[PDB]
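Only one chain is shown below, in structure tokens, and it's the form deposited in one PDB entry.
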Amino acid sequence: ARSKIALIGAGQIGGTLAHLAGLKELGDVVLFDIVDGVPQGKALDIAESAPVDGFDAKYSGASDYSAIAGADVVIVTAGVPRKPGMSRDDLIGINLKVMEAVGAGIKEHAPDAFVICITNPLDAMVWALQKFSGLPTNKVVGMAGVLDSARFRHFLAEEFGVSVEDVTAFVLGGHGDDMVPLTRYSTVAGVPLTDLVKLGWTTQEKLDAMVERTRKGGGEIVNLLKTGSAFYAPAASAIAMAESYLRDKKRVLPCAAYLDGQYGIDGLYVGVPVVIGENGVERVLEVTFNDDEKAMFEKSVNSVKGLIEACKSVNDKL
């Protein structure tokens, strides 16, 4: 009767997800990977940490999909990350094929799961995984905007010298160079950033620099680490989406969600604000854009369509 969380991919993000699921006592955890030994190892290491922190959760590792049977939530990091110099879209060839296998494992063994996709390029990969798996669209989502928004919140907290708890950010669109941070709908304690520029708490130029740093955030971390990409903030972000589902919190979070008409878009995953509860993606919050925001969003969406055509370009079934 505890919730069961299956982690497909037991790498950098996958391990961090497992550790956090325990610390937050979200349920039992299964780590799945094709490299044998790795998920069993990480599973046992985290299990062995549990008595120090006092959390009760069962941990196991597997390389067979039957291990995921009946999972309440499935989080997918399987595939490859970027190296310095690469865009996320350079990962499609390898990663699309991974989503195909993963999707078949979910369809067969955890068809009632809430599935959170992280593998990049995210808006394309999650669209793919939903098709391959055949799960209902409200039960399949992509983690991106919560990460982007959390980066922006960090930079803003630093700039204004305030608690991260009292900063809000709204970032929509692709998880891409062209994602759209909405300065008008980002706040300190409810006061929009555009108002804070007026009050002199910051400048326009500093605000623009933070928007740009947000757009380039993933790359900034790749360039520092060199051997891989970010994993702490991606993991935290997906975990918040998972907790909202498992605890029916109805968090409002920017996630790559399937649109049927919202924002005038039909049939794609795109980053938008969504309510997440026990029924999955329960509602999309459709804001009214001004002309500049609308332009940036249309462009972001065009990139996503570009990527989706590239996925079809290379795979029969899609």
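Between two forms, the rigid core is the largest collection of C-alphas that superpose within 1.5 Å. Shifts are known only where both forms have a C-alpha. We number the residues from 1 along the sequence you see.
*Higher-B stretch (mean Cα B-factor, as the entry records it), 207-215 or 92-100*: Between 207-215 and 92-100, it is 92-100.
- Looking only at CA atoms, which has the higher mean B factor in the entry: 42-50 or 256-264? Per the PDB record, 256-264.
Checking the record values for 139, 198, 151, 226, which has the greatest CA B factor?
The C-alpha B-factor peaks, among 139, 198, 151, 226, at 226.
**Study point:** Peak C-alpha temperature factor (PDB record), options 235, 75, 126, 80
**Key:** Comparing C-alpha B-factors across 235, 75, 126, 80, the maximum falls on 80.
Modelled-residue ranking by C-alpha temperature factor, third containing residue 248: Lowest third.
Relative to the other modelled residues of the same chain, rank the CA B-factor of residue 57 and answer lowest, middle or highest third. Middle third of the chain for residue 57's C-alpha B-factor.
- Task: Sort the modelled residues of this chain by their C-alpha B factor and say whether residue 280 lands in the lowest, middle or highest third.
- Result: Lowest third - that is where residue 280 ends up once the chain's C-alpha B-factors are sorted.
Record-listed C-alpha B factor of residue 231: chain third: Ranked within chain, residue 231 CA B lands in the lowest tercile.
Sorting the chain's CA B-factors, does residue 189 end up in the lowest, middle or highest third?
According to the entry, residue 189 has a C-alpha B-factor in the chain's highest third.
Just so you know, the form deposited in another entry exists too; it's not on screen, but the next bit is about it.
- Item | Of the candidates 166, 212, 220, 90, the only Cα that travels 2 Å or more between the shown form and the other one, given a rigid-core fit | Of all the options, the C-alpha that shifts by at least 2 Å belongs to 90.
Does superposing the core leave residue 121 with a CA shift of 2 Å or more between the shown form and the other one? Shift at residue 121: below 2 Å after core fit.
Worksheet item: Rigid core fitted, is the C-alpha displacement of residue 195 between the shown form and the other one 2 Å or more?
Response: The answer is no, as the C-alpha of residue 195 shifts between the shown form and the other one by less than 2 Å after core alignment.
Once the core is aligned, please say if the CA of residue 177 is shifted by at least 2 angstroms between the shown form and the other one. Passes the 2 Å threshold, so yes.
Exercise for review: Using the rigid core for the fit, write out the stretches of 3 or more consecutive residues with CA shifts of 2 Å or more between the shown form and the other one, ordered by sequence.
Suggested key: Moving stretches, in sequence order: 81-91, 175-178.
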